[PDB]
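Only one chain is included here, represented as structure tokens and corresponding to the form deposited in one PDB entry.
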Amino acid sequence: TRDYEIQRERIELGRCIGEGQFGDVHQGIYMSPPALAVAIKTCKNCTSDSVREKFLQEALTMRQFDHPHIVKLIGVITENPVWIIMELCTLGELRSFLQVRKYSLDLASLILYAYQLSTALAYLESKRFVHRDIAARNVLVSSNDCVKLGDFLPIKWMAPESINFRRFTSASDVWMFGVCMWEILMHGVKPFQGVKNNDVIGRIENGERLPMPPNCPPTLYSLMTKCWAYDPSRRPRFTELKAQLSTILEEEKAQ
């Protein structure tokens, strides 16, 4: 909460590195004893307390976590203009990174990002925290072998129970991770491209699933289809996913 208060003069604003829900995201420097590279989330309408509460809720959420593959909260500036200071992931959005590098990223690197993500999600499951929005767009790239989970209606990523009843559980997070894994092996291509959101549920309920991505190991696809069990109680947990992705990665790093 308040132990994360940073005074503004300890922050040098830099160039705009993208956009967020509340305002522009900036690169910048945080000076305090060694002047570190950071991401400054801004909020244009934060003069209104209802917006301010919603915006600073991400800071409140992220304070609770400490993991190598979850974006770190550095601090907050509660006075106007309200800012959220975070760890900078220089390579940006995963979706864009995967697209740009479609012919410059091997299978091993793709499986590695899936593995890394499963470790952040196993950690969140251990804290009994439900993410509700696991998708490639919410993953950031720190380096070419280090991705981070960054965000704290996506019908095409949602488990049927989330669509039908707005139920969000650890099981529904596993479904979304399966979709995210598919997005990674499909080089940032969006799931169900061409299908209307309202027709997705009907396809799922007819047993229809996202196809095997080209060059995807059938063992990795078998893991994804397990995430897409209609019955949430039949889906694996992140602990098992992490362990299986770990073995799949070695099965690739060798041959």
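The first residue of the shown sequence is 1; numbering continues from there. The term rigid core refers to the most C-alpha atoms you can superpose between the two forms while keeping them within 1.5 Å.
Form deposited in another entry: not shown, discussed below.
*Superposing on the rigid core, which residue among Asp133, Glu161, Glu93, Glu87 shifts its Cα by at least 2 Å between this form and the one not shown?*
None of the others reach 2 Å, which leaves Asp133.
Do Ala136 and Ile84 have their C-alpha atoms closer or farther apart in the other entry than here, with the shift being 3 angstroms or more? Closer in the other entry, by 3 Å or more.
> Did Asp133 and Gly188 drift closer or farther in the other entry, going by a CA distance change of 3 angstroms or more?
Replying inline: Note: Cα gap between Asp133 and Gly188 widens in the other entry.
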